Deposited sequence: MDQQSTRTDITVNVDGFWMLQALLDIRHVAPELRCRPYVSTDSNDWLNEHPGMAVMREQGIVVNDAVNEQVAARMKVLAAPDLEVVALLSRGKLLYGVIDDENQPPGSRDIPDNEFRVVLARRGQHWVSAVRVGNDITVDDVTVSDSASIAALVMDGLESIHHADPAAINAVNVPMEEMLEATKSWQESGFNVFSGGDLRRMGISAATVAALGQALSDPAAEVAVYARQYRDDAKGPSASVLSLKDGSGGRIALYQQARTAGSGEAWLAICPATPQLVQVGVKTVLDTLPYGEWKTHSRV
């Protein structure tokens, strides 16, 4: 059922099916022979047309009603930045430590596109509710790095104040001895310790967010679910659905599903299971 192509092979499918863009997280080239005869041996292109089943999947990515995205990392998540001087402009490379997962649906059809290295893999996927989406993400993350939920209590802090305070804290390497501003907002000693570790020296990170499409427009989720593994526990940061409030949470199975629900409930056009 599943298919695996590189970035150039993916561009050929775009040409063969006249698809312009797909999710930017896949980092392909827009569309405005020897590489073919490879996809013929794998049964992707029969005669000179894309297989009916694979064509269908690619058309979901070509025009989804919804994209739900997960950026995973081993170590600190870099959000696509490679530090290398000779990196060309608009490089299609992704850092060696990143796995990108786009879950797209058009109508009732849920498709997955996973980019790792230079390889994009396409396949059908089973998605029903926020739980099943949380599951897929946690499975993906656990595969990189196992960790238990930090020993902390959920707390809600004002988003603006927490960013300002986290930006100073960053300047001192997120040192727990400089955690006093966060302590004064009423965040636990234990939370400040665990969060400092997750921010200063993570073993694995995950950002989850989404996008929704209407007639003549698009819009991102107002909230992002972020997971980080440091010394003494996985922690879950996400914005409550509303200025704004950040939830800081132990990454329990439950609160992780709550956070995914919040991401999905912060899309601009409402109901996300059924939308078109």
Checklist entry - Which runs of the deposited chain sequence never show up in the coordinates? => result 1 to 7, 40 to 49, 260 to 264, 299 to 300
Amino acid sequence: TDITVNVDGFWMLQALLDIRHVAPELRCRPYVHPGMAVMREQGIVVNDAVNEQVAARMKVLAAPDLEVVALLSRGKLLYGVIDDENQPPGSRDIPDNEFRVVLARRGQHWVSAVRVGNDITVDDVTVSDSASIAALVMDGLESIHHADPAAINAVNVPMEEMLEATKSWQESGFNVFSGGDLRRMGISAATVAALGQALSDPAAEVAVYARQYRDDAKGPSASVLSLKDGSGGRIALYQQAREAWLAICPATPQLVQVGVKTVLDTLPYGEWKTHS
From here on, numbers count along this sequence of modelled residues.
Checklist entry - Do the CA atoms of 75 to 83 or those of 138 to 146 have the higher mean B-factor in the entry? => result 138 to 146
Checklist entry - If you average the Cα B factors in the entry, which is higher, 38 to 46 or 62 to 70? => result 38 to 46
Checklist outcome for this item: Among 168, 91, 112, 130, highest Cα B-factor in the entry goes to 130
Checklist outcome for this item: Quick tally, chain-level thirds of C-alpha B-factors: residue 250 sits in the middle
Checklist entry - Looking at the C-alpha B-factor of residue 200, is it in the lowest, middle or highest third of its chain? => result middle
Item to check | B-factor third for the C-alpha atom of residue 189 within its chain | outcome: lowest
Checklist entry - Taking the C-alpha B-factors as the PDB entry records them, is residue 211 in the lowest, middle or highest third of its chain? => result lowest
Checklist outcome for this item: Temperature factor at the Cα of residue 180, chain-ranked in thirds, falls in the lowest
